[PDB]
Structure formats: C-alpha cells, structure tokens
$ cat entry-v8.txt   # compact mmCIF, C-alpha atoms
# COMPACT_ATOMS: atom_id res chain seq x y z
CA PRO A 1 2.86 -79.51 -73.24
CA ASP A 2 -0.43 -77.79 -74.19
CA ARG A 3 -1.86 -80.64 -76.23
CA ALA A 4 -0.98 -82.98 -73.36
CA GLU A 5 -2.23 -80.50 -70.74
CA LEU A 6 -5.54 -80.27 -72.65
CA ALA A 7 -5.71 -83.99 -73.40
CA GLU A 8 -5.47 -84.78 -69.72
CA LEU A 9 -8.11 -82.14 -68.69
CA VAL A 10 -10.45 -83.59 -71.40
CA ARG A 11 -9.99 -87.06 -69.94
CA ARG A 12 -10.60 -85.84 -66.38
CA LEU A 13 -13.42 -83.37 -67.03
CA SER A 14 -15.23 -84.90 -70.01
CA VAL A 15 -14.94 -88.71 -69.70
CA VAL A 16 -17.57 -89.31 -67.04
CA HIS A 17 -17.07 -92.78 -65.56
CA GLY A 18 -20.09 -94.40 -63.98
CA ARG A 19 -22.76 -96.89 -64.87
CA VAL A 20 -25.93 -95.62 -66.45
CA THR A 21 -29.06 -97.21 -67.85
CA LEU A 22 -29.88 -95.50 -71.25
CA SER A 23 -33.50 -95.14 -72.50
CA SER A 24 -32.95 -98.31 -74.56
CA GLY A 25 -32.20 -100.38 -71.43
CA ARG A 26 -28.55 -100.86 -72.46
CA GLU A 27 -25.96 -99.93 -69.90
CA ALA A 28 -22.87 -97.84 -70.52
CA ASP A 29 -19.84 -97.55 -68.19
CA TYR A 30 -19.06 -93.98 -69.23
CA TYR A 31 -20.13 -91.08 -71.49
CA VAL A 32 -18.34 -88.20 -73.10
CA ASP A 33 -19.46 -84.71 -72.08
CA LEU A 34 -17.20 -82.21 -73.84
CA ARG A 35 -19.18 -79.22 -72.50
CA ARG A 36 -17.35 -79.90 -69.22
CA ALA A 37 -14.01 -78.94 -70.79
CA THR A 38 -15.22 -76.27 -73.27
CA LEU A 39 -16.72 -74.37 -70.26
CA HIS A 40 -13.70 -74.87 -67.93
CA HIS A 41 -11.35 -71.87 -67.38
CA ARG A 42 -8.16 -73.75 -68.24
CA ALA A 43 -9.26 -76.33 -70.81
CA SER A 44 -11.06 -73.59 -72.77
CA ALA A 45 -8.07 -71.25 -72.89
CA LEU A 46 -6.09 -74.28 -74.27
CA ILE A 47 -8.80 -75.10 -76.72
CA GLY A 48 -8.70 -71.48 -77.99
CA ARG A 49 -4.88 -71.48 -78.41
CA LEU A 50 -4.64 -74.97 -80.00
CA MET A 51 -7.52 -74.49 -82.47
CA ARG A 52 -5.79 -71.27 -83.62
CA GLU A 53 -2.51 -73.18 -84.22
CA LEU A 54 -4.40 -76.09 -85.84
CA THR A 55 -5.96 -73.72 -88.39
CA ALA A 56 -3.14 -71.13 -88.59
CA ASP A 57 -2.64 -71.74 -92.34
CA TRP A 58 -6.37 -71.06 -93.09
CA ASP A 59 -7.67 -67.69 -94.13
CA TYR A 60 -10.69 -66.65 -92.04
CA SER A 61 -12.00 -63.58 -90.18
CA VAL A 62 -14.94 -65.24 -88.38
CA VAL A 63 -15.40 -68.47 -86.31
CA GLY A 64 -18.64 -70.13 -85.29
CA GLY A 65 -20.88 -73.18 -85.27
CA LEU A 66 -24.16 -74.78 -84.20
CA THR A 67 -25.42 -74.00 -80.67
CA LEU A 68 -24.57 -75.14 -78.02
CA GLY A 69 -21.58 -77.41 -78.81
CA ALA A 70 -19.87 -74.70 -80.82
CA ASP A 71 -20.42 -71.41 -78.82
CA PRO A 72 -17.83 -71.97 -76.07
CA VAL A 73 -15.24 -73.21 -78.67
CA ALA A 74 -15.77 -70.29 -81.01
CA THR A 75 -15.57 -67.77 -78.15
CA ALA A 76 -12.41 -69.50 -76.85
CA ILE A 77 -10.81 -69.02 -80.28
CA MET A 78 -12.06 -65.41 -80.38
CA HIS A 79 -10.59 -64.63 -76.92
CA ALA A 80 -7.27 -66.50 -77.42
CA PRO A 81 -4.06 -64.44 -78.17
CA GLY A 82 -3.43 -63.36 -81.77
CA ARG A 83 -4.93 -61.56 -84.73
CA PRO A 84 -8.59 -60.45 -84.43
CA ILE A 85 -11.20 -63.11 -85.10
CA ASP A 86 -14.91 -62.48 -84.41
CA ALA A 87 -17.57 -65.13 -83.63
CA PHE A 88 -21.04 -66.32 -84.57
CA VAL A 89 -23.61 -68.91 -83.48
CA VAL A 90 -25.96 -70.75 -85.88
CA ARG A 91 -29.33 -71.21 -84.25
CA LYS A 92 -31.78 -74.05 -84.69
CA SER A 93 -34.67 -71.61 -85.27
CA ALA A 94 -34.92 -68.16 -86.91
CA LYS A 95 -34.33 -64.84 -85.04
CA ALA A 96 -37.09 -62.22 -85.27
CA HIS A 97 -34.70 -59.66 -86.95
CA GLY A 98 -31.95 -58.98 -89.49
CA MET A 99 -30.61 -60.35 -92.76
CA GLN A 100 -29.05 -63.56 -91.42
CA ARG A 101 -31.88 -64.95 -89.24
CA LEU A 102 -30.22 -68.25 -88.23
CA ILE A 103 -26.89 -66.65 -87.35
CA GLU A 104 -26.34 -64.77 -84.13
CA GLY A 105 -23.37 -62.52 -83.78
CA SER A 106 -21.05 -61.18 -86.42
CA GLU A 107 -21.97 -60.63 -90.06
CA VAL A 108 -20.79 -63.68 -92.08
CA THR A 109 -22.04 -62.46 -95.50
CA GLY A 110 -18.96 -62.10 -97.70
CA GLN A 111 -16.51 -63.45 -95.10
CA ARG A 112 -14.30 -66.43 -95.02
CA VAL A 113 -15.58 -68.55 -92.13
CA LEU A 114 -14.14 -71.31 -89.96
CA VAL A 115 -16.83 -73.75 -88.74
CA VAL A 116 -16.14 -75.45 -85.38
CA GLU A 117 -17.61 -77.95 -83.02
CA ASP A 118 -16.46 -79.51 -79.74
CA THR A 119 -17.02 -83.05 -81.06
CA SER A 120 -19.00 -84.65 -83.87
CA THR A 121 -20.38 -88.19 -84.14
CA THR A 122 -21.89 -87.84 -87.68
CA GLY A 123 -20.84 -84.31 -88.76
CA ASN A 124 -24.57 -83.43 -88.95
CA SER A 125 -24.28 -80.42 -86.66
CA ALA A 126 -21.09 -79.06 -88.37
CA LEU A 127 -22.65 -79.38 -91.84
CA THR A 128 -25.88 -77.72 -90.56
CA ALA A 129 -23.66 -74.68 -89.69
CA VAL A 130 -21.73 -74.93 -93.01
CA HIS A 131 -24.95 -74.75 -95.07
CA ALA A 132 -26.46 -72.02 -92.83
CA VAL A 133 -23.35 -69.88 -93.45
CA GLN A 134 -23.46 -70.88 -97.11
CA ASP A 135 -27.16 -69.89 -97.60
CA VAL A 136 -26.25 -66.33 -96.45
CA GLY A 137 -23.10 -65.97 -98.66
CA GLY A 138 -20.24 -66.93 -96.40
CA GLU A 139 -17.23 -68.89 -97.60
CA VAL A 140 -16.57 -71.85 -95.30
CA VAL A 141 -12.80 -72.40 -95.39
CA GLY A 142 -12.85 -75.62 -93.37
CA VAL A 143 -14.26 -77.32 -90.31
CA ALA A 144 -12.29 -77.90 -87.08
CA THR A 145 -13.03 -79.74 -83.82
CA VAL A 146 -11.61 -80.30 -80.32
CA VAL A 147 -12.14 -84.11 -80.36
CA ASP A 148 -12.51 -86.44 -83.42
CA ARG A 149 -14.37 -89.63 -82.33
CA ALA A 150 -13.56 -91.61 -85.53
CA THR A 151 -17.33 -92.21 -86.10
CA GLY A 152 -17.71 -90.96 -89.74
CA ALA A 153 -17.57 -87.17 -89.29
CA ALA A 154 -14.34 -86.60 -91.27
CA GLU A 155 -15.52 -88.49 -94.37
CA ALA A 156 -18.94 -86.76 -94.26
CA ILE A 157 -17.28 -83.30 -94.12
CA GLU A 158 -14.62 -84.33 -96.73
CA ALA A 159 -17.43 -85.60 -99.03
CA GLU A 160 -18.71 -81.96 -99.35
CA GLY A 161 -15.33 -80.55 -100.49
CA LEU A 162 -14.16 -79.25 -97.09
CA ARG A 163 -11.02 -79.78 -95.00
CA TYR A 164 -11.48 -81.31 -91.48
CA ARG A 165 -9.04 -81.16 -88.59
CA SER A 166 -9.15 -82.06 -84.95
CA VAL A 167 -6.96 -81.24 -81.98
CA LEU A 168 -7.50 -84.59 -80.27
CA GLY A 169 -8.49 -88.15 -81.18
CA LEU A 170 -10.07 -91.29 -79.79
CA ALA A 171 -6.70 -92.36 -78.27
CA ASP A 172 -6.38 -89.11 -76.29
CA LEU A 173 -9.63 -89.90 -74.47
CA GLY A 174 -8.15 -93.19 -73.20
CA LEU A 175 -11.07 -95.67 -73.29
CA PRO B 1 -12.01 -45.59 -71.02
CA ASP B 2 -12.97 -49.31 -71.13
CA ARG B 3 -16.60 -48.51 -70.27
CA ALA B 4 -16.72 -45.61 -72.80
CA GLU B 5 -15.17 -47.69 -75.54
CA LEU B 6 -17.68 -50.61 -74.88
CA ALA B 7 -20.57 -48.17 -74.90
CA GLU B 8 -19.42 -46.98 -78.39
CA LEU B 9 -19.00 -50.57 -79.65
CA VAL B 10 -22.52 -51.44 -78.37
CA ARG B 11 -24.05 -48.35 -80.16
CA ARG B 12 -22.20 -49.13 -83.38
CA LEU B 13 -22.65 -52.97 -83.42
CA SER B 14 -25.98 -53.53 -81.67
CA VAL B 15 -28.38 -50.56 -81.70
CA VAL B 16 -30.20 -50.75 -85.06
CA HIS B 17 -32.05 -47.48 -85.76
CA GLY B 18 -34.97 -47.34 -88.21
CA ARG B 19 -38.68 -48.10 -88.39
CA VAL B 20 -39.01 -51.84 -87.77
CA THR B 21 -41.85 -54.29 -87.19
CA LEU B 22 -41.59 -56.46 -84.15
CA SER B 23 -42.75 -60.09 -83.98
CA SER B 24 -45.95 -58.87 -82.15
CA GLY B 25 -46.94 -56.45 -84.94
CA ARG B 26 -45.75 -53.38 -82.97
CA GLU B 27 -43.59 -50.94 -84.79
CA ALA B 28 -40.48 -49.60 -83.06
CA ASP B 29 -37.91 -46.97 -84.15
CA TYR B 30 -35.05 -49.33 -83.30
CA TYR B 31 -34.11 -52.75 -82.07
CA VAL B 32 -31.08 -54.05 -80.19
CA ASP B 33 -28.96 -56.96 -81.47
CA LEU B 34 -26.69 -57.27 -78.45
CA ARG B 35 -24.99 -60.51 -79.66
CA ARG B 36 -23.00 -58.71 -82.36
CA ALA B 37 -21.25 -57.00 -79.45
CA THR B 38 -21.00 -60.07 -77.20
CA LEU B 39 -19.56 -62.07 -80.18
CA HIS B 40 -17.11 -59.29 -81.25
CA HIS B 41 -13.40 -59.75 -80.26
CA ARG B 42 -12.83 -56.33 -78.66
CA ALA B 43 -16.27 -55.71 -77.14
CA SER B 44 -16.36 -59.15 -75.58
CA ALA B 45 -12.92 -58.72 -74.08
CA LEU B 46 -14.16 -55.43 -72.47
CA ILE B 47 -17.30 -57.17 -71.30
CA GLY B 48 -15.24 -59.80 -69.46
CA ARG B 49 -13.05 -57.16 -67.80
CA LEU B 50 -15.87 -54.85 -66.93
CA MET B 51 -18.26 -57.57 -65.69
CA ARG B 52 -15.41 -58.81 -63.42
CA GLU B 53 -14.84 -55.25 -62.04
CA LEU B 54 -18.58 -54.81 -61.63
CA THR B 55 -18.88 -57.93 -59.45
CA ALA B 56 -15.42 -57.78 -57.68
CA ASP B 57 -17.04 -57.49 -54.25
CA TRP B 58 -19.11 -60.70 -54.83
CA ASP B 59 -17.86 -64.26 -54.16
CA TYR B 60 -18.50 -66.75 -56.95
CA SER B 61 -16.67 -69.60 -58.58
CA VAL B 62 -18.95 -70.08 -61.53
CA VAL B 63 -20.71 -67.86 -64.11
CA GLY B 64 -23.49 -68.60 -66.61
CA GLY B 65 -27.10 -68.05 -67.69
CA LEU B 66 -29.84 -68.91 -70.22
CA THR B 67 -28.67 -69.95 -73.69
CA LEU B 68 -27.90 -68.27 -76.18
CA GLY B 69 -27.59 -64.75 -74.82
CA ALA B 70 -25.69 -65.62 -71.65
CA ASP B 71 -23.08 -67.97 -73.06
CA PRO B 72 -20.93 -65.26 -74.84
CA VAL B 73 -21.01 -63.14 -71.68
CA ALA B 74 -20.29 -66.09 -69.32
CA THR B 75 -17.27 -67.23 -71.37
CA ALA B 76 -15.93 -63.69 -71.79
CA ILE B 77 -15.92 -63.42 -67.94
CA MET B 78 -14.26 -66.84 -67.68
CA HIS B 79 -11.54 -65.94 -70.23
CA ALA B 80 -10.87 -62.49 -68.80
CA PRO B 81 -7.85 -62.02 -66.58
CA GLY B 82 -7.83 -62.78 -62.90
CA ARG B 83 -8.80 -65.40 -60.42
CA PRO B 84 -10.19 -68.52 -62.04
CA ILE B 85 -13.94 -68.63 -62.79
CA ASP B 86 -15.66 -71.51 -64.64
CA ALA B 87 -18.79 -71.31 -66.81
CA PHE B 88 -22.16 -73.04 -67.21
CA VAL B 89 -25.14 -72.80 -69.60
CA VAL B 90 -28.84 -73.17 -68.77
CA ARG B 91 -30.72 -74.88 -71.65
CA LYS B 92 -34.36 -74.10 -72.43
CA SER B 93 -35.46 -77.81 -72.56
CA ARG B 94 -30.26 -81.95 -68.20
CA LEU B 95 -30.94 -78.20 -67.72
CA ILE B 96 -27.38 -77.20 -66.79
CA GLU B 97 -24.30 -77.83 -68.94
CA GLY B 98 -20.66 -77.22 -68.25
CA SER B 99 -19.17 -76.73 -64.86
CA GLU B 100 -20.87 -77.97 -61.71
CA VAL B 101 -23.15 -75.50 -59.91
CA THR B 102 -24.25 -77.73 -56.96
CA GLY B 103 -22.95 -76.49 -53.59
CA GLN B 104 -21.29 -73.49 -55.38
CA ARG B 105 -21.67 -69.72 -55.28
CA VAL B 106 -22.77 -68.65 -58.75
CA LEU B 107 -23.15 -65.44 -60.74
CA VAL B 108 -26.09 -65.40 -63.18
CA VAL B 109 -25.47 -63.38 -66.31
CA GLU B 110 -27.66 -62.00 -69.15
CA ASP B 111 -26.62 -59.88 -72.12
CA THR B 112 -29.88 -57.86 -71.95
CA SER B 113 -33.59 -58.15 -71.70
CA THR B 114 -36.74 -56.06 -71.30
CA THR B 115 -38.47 -58.27 -68.70
CA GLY B 116 -35.75 -60.29 -66.88
CA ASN B 117 -37.62 -63.61 -67.35
CA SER B 118 -34.57 -65.25 -68.92
CA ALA B 119 -32.33 -64.31 -66.00
CA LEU B 120 -35.01 -65.55 -63.59
CA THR B 121 -35.27 -68.89 -65.42
CA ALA B 122 -31.49 -69.35 -65.06
CA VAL B 123 -31.59 -68.35 -61.39
CA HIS B 124 -34.40 -70.88 -60.72
CA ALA B 125 -32.58 -73.61 -62.65
CA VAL B 126 -29.40 -73.09 -60.58
CA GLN B 127 -31.40 -73.13 -57.30
CA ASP B 128 -33.18 -76.41 -58.21
CA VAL B 129 -29.74 -78.07 -58.41
CA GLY B 130 -28.45 -76.68 -55.07
CA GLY B 131 -26.37 -73.75 -56.43
CA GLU B 132 -26.50 -70.47 -54.52
CA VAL B 133 -26.99 -67.41 -56.74
CA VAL B 134 -25.05 -64.39 -55.50
CA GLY B 135 -26.71 -61.99 -57.93
CA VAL B 136 -27.32 -61.12 -61.54
CA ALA B 137 -25.09 -58.98 -63.67
CA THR B 138 -25.99 -57.81 -67.12
CA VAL B 139 -24.31 -55.93 -70.02
CA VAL B 140 -27.19 -53.52 -70.80
CA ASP B 141 -30.03 -52.53 -68.50
CA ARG B 142 -33.09 -51.33 -70.41
CA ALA B 143 -34.77 -49.64 -67.45
CA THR B 144 -38.00 -51.62 -68.04
CA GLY B 145 -38.19 -53.39 -64.63
CA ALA B 146 -35.79 -56.29 -65.12
CA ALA B 147 -33.71 -54.99 -62.24
CA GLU B 148 -36.70 -54.81 -59.84
CA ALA B 149 -38.00 -58.22 -60.82
CA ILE B 150 -34.55 -59.64 -59.97
CA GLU B 151 -34.51 -57.61 -56.72
CA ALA B 152 -37.96 -58.94 -55.66
CA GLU B 153 -36.43 -62.43 -55.58
CA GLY B 154 -33.86 -61.27 -53.00
CA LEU B 155 -31.11 -60.92 -55.55
CA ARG B 156 -28.83 -58.03 -56.23
CA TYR B 157 -28.74 -56.80 -59.86
CA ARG B 158 -26.04 -54.81 -61.69
CA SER B 159 -25.30 -53.62 -65.21
CA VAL B 160 -22.26 -52.32 -67.07
CA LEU B 161 -24.38 -50.09 -69.28
CA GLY B 162 -27.78 -48.46 -69.33
CA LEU B 163 -30.42 -46.90 -71.49
CA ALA B 164 -28.50 -43.60 -71.80
CA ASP B 165 -25.41 -45.37 -73.24
CA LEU B 166 -27.70 -46.59 -76.04
CA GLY B 167 -28.18 -43.26 -77.85
CA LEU B 168 -31.96 -43.41 -78.55
$ encode --input "entry-v8.txt" --output "structure tokens"
Amino acid sequence: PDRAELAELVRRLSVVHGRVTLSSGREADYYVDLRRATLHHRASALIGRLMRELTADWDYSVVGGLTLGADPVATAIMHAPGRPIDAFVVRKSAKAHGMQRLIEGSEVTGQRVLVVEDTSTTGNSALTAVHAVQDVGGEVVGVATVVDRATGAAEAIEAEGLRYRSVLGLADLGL
Amino acid sequence: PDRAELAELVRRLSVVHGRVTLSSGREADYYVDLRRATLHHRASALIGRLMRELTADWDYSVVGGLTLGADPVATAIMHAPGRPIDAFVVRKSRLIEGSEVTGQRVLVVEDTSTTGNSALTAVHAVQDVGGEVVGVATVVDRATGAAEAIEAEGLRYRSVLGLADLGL
C-alpha cells in the first residue's frame, strides 16, 4: 500500500501537466518536479520509510546527497522510524570552516555513507556527492533514489563500482 | 526536558570553541556550525517538536526558508507530529521550490544568523509570490539584532534557544 500510496502522490504532486515553451523553443506537455513530493508532509514520510526498507540490507550510519535534490530525502530517511541515521548535505561551494568544507551536517570521515537523490537523469549529481564524501574519507555503500527515469543513471553509478536502487520507475509516473 | 536536551546537543554538536580565523580576517574564540545539530537524528526531532510548540498559537500551512540552513529545520517541523504542515525552500538564484506558498499562510524559518538577512530574503521571496508570512521562528537567536530587523518589517520573531544556551 505504501509504494502505491507514494506512487500516486508522486504522479499527482510531481507530474505537472501543462504546455510550456522551453528556452530552445520546443514545447513540452509536462515536466517532472520531484521537489513537490519530497517537501510534502505525506509523500516525504513515505519516501523516508520506503528508502529505509529499500536499503535495509546496507550498512550505513549517515545519509546525504547534493543540495537541493537530496536534502529533503536524506532528512526524510533520518526522521523515519527505526535505528538512528544522521544526515549530511554536499554543497556546490566550500564552507568557510571545518575539516569537510563541502559537506554540511554530520561528520562523514570514517563512516559508511548512503548517497541519495530524489531523481537523476545522468547520475552527475549523485556521483558529485559520492566523490565529495570519498575525498574526505567516507565509505559510500551505495546510491539510492526515489524515482529512476531510465536515462543512464544506473549504468553510470554501476560503472564506478557502486550499487544503485530506486523506489519507483518510469512506469510509476504514468506518462 | 526537550529544550534542555536540545540545548546540550547544540553545545556539543555545533559550538566550536578555539581561536579561529573568520573569512573576513577577524579572529574569534569560537564559531557555530548549527547544521550538525539540524542534521542530527535526535536534535532535529527535538527541533521539529519544539518549533511546533513555539509557534502553536500561529496559523500556517507551510514552512520553509533560505537554502541550505532552513531546509533541515523546515522538514523537521513538517515531519514532527501533529497537524499536517508542508515545506518549501527559497533558492538563492524559480525562487521557491516544494509546496505552493501563493494564497497561503506561511512560517519562515532559519537555523541561525547574526544579521537576519537570510530570513528577510525568504520573507521577501514568499511575499513576491502572494504568500502571507505569519512570522519567523529560529533555532538559535544570537542577540545581534536579527530579531529587531525582522520586527521592523512588521513580523513577529521567536527562537527556541538563545545566546545563554550556547555556553560562551
């Protein structure tokens, strides 16, 4: 029921129907804004729960990713029922202070880390977080995401020796 | 107990004592890394509870502020028990992500700040889109005029913690 409850909320909240002229001059009939679910009271509590179950067999104390598409997901996982898991956010530029200048939040040095994102087209953003955690001495145990969009992300993440899992898929969006 | 236990988590996770050089060149005897608290599993859960208690007499359906500092606070409030409250995020540079703020009563959040400019930016961004801001709540007030700046704009300001809870 949860996967289906979430899947429906993602469709309703995040598939934004309506015609739009892009900067290129092409028109699209819809676009996919996952931030609308990841920041919704109900969809986020489901995301938290389901991403915990999805990764239950992985060994990690810390969850995080690349701002902003990761923050709400990571915090959802942190707040969801179960064993303690802390969070972190990889920035795009360097903090003024500390010994992990691209990483807000919890100390990832010497921890096993889950890397998350709401959705990835290329896996660029996820891998940017993976390497940022890596450069500071964190063990990335895998990457997980709310929605796979079958656009190359899995094979890009798998190419660097890392597991990839998703709660939802292209079919769950309708389209 | 909740407030006392958060205070202790904020001292232990976020108040970094020792001679330090700021980005300006100024030397301080400490700095505050409030995000280690806002991204910690226990402290964030207390933040959501306590920020909800703190603003229980205000009417708002949506909570959020300027990225990154606000997002961990906004989602802790959203995930905390009680009546449903959605979240939003004001970007620095399409300004508002997440839940709709237009036509809604909105709580602007900040983890902490010396000047309140970040809070103000979020307030202004919500106003430009037809949201009504009911006030600003923060985790830590630094007693450096943030409050009064927010009050000059006709907005109520509140904090869970203050300067004295940070043992300086």
$ residues_around --input "entry-v8.txt" --residues "residue B:45" --least-positions-apart "3" --cutoff "7 Å" --atoms "all atoms listed in the file" --output "list in words"
residues 79 of chain A; 41, 42, 48, 49, 76 and 80 of chain B
$ interface_residues --input "entry-v8.txt" --of "chain A" --to "chain B" --cutoff "7 Å" --atoms "only C-alpha atoms" --output "list in words"
residues 35, 36, 39, 40, 41, 45, 72, 75, 78, 79, 84, 85, 86, 87, 88, 96, 104, 105 and 106 of chain A
$ write_last_selection --input "entry-v8.txt" --atoms "C-alpha atoms" --output "PDB file, in the frame of the given file"
ATOM      1  CA  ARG A  35     -19.180 -79.220 -72.500  1.00  0.00           C
ATOM      2  CA  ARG A  36     -17.350 -79.900 -69.220  1.00  0.00           C
ATOM      3  CA  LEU A  39     -16.720 -74.370 -70.260  1.00  0.00           C
ATOM      4  CA  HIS A  40     -13.700 -74.870 -67.930  1.00  0.00           C
ATOM      5  CA  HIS A  41     -11.350 -71.870 -67.380  1.00  0.00           C
ATOM      6  CA  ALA A  45      -8.070 -71.250 -72.890  1.00  0.00           C
ATOM      7  CA  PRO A  72     -17.830 -71.970 -76.070  1.00  0.00           C
ATOM      8  CA  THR A  75     -15.570 -67.770 -78.150  1.00  0.00           C
ATOM      9  CA  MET A  78     -12.060 -65.410 -80.380  1.00  0.00           C
ATOM     10  CA  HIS A  79     -10.590 -64.630 -76.920  1.00  0.00           C
ATOM     11  CA  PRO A  84      -8.590 -60.450 -84.430  1.00  0.00           C
ATOM     12  CA  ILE A  85     -11.200 -63.110 -85.100  1.00  0.00           C
ATOM     13  CA  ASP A  86     -14.910 -62.480 -84.410  1.00  0.00           C
ATOM     14  CA  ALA A  87     -17.570 -65.130 -83.630  1.00  0.00           C
ATOM     15  CA  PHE A  88     -21.040 -66.320 -84.570  1.00  0.00           C
ATOM     16  CA  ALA A  96     -37.090 -62.220 -85.270  1.00  0.00           C
ATOM     17  CA  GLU A 104     -26.340 -64.770 -84.130  1.00  0.00           C
ATOM     18  CA  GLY A 105     -23.370 -62.520 -83.780  1.00  0.00           C
ATOM     19  CA  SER A 106     -21.050 -61.180 -86.420  1.00  0.00           C
TER      20      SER A 106
END
$ atom_distance --input "entry-v8.txt" --atom1 "atom CA of residue A:70" --atom2 "atom CA of residue B:122"
20.3 Å
$ atom_distance --input "entry-v8.txt" --atom1 "atom CA of residue B:90" --atom2 "atom CA of residue B:131"
12.6 Å
$ residues_near_point --input "entry-v8.txt" --point "(-18.3, -59.4, -99.1)" --cutoff "10 Å" --atoms "all atoms listed in the file" --output "ChimeraX atom specification"
/A:107-112,137-139
$ residues_around --input "entry-v8.txt" --residues "residue A:92" --least-positions-apart "2" --cutoff "8 Å" --atoms "all atoms listed in the file" --output "NGL selection string"
:A and (66-67 or 90 or 94 or 102)
$ write_last_selection --input "entry-v8.txt" --atoms "C-alpha atoms" --output "mmCIF file, keeping the file's coordinate frame"
data_model
loop_
_atom_site.group_PDB
_atom_site.id
_atom_site.type_symbol
_atom_site.label_atom_id
_atom_site.label_comp_id
_atom_site.auth_asym_id
_atom_site.auth_seq_id
_atom_site.Cartn_x
_atom_site.Cartn_y
_atom_site.Cartn_z
ATOM 1 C CA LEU A 66 -24.160 -74.780 -84.200
ATOM 2 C CA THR A 67 -25.420 -74.000 -80.670
ATOM 3 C CA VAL A 90 -25.960 -70.750 -85.880
ATOM 4 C CA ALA A 94 -34.920 -68.160 -86.910
ATOM 5 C CA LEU A 102 -30.220 -68.250 -88.230
#
$ residues_around --input "entry-v8.txt" --residues "stretch 151-164 of chain A" --least-positions-apart "5" --cutoff "10 Å" --atoms "only C-alpha atoms" --output "JSON, numbers by chain"
{"A": [55, 115, 116, 119, 120, 121, 122, 123, 124, 125, 126, 127, 130, 140, 141, 142, 143, 144, 145, 170]}
$ residues_around --input "entry-v8.txt" --residues "residue B:6" --least-positions-apart "4" --cutoff "8 Å" --atoms "all atoms listed in the file" --output "mmCIF file with C-alpha atoms, in the frame of the given file"
data_model
loop_
_atom_site.group_PDB
_atom_site.id
_atom_site.type_symbol
_atom_site.label_atom_id
_atom_site.label_comp_id
_atom_site.auth_asym_id
_atom_site.auth_seq_id
_atom_site.Cartn_x
_atom_site.Cartn_y
_atom_site.Cartn_z
ATOM 1 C CA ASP B 2 -12.970 -49.310 -71.130
ATOM 2 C CA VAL B 10 -22.520 -51.440 -78.370
ATOM 3 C CA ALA B 43 -16.270 -55.710 -77.140
ATOM 4 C CA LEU B 46 -14.160 -55.430 -72.470
ATOM 5 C CA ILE B 47 -17.300 -57.170 -71.300
#
$ atom_distance --input "entry-v8.txt" --atom1 "atom CA of residue A:101" --atom2 "atom CA of residue A:64"
14.8 Å
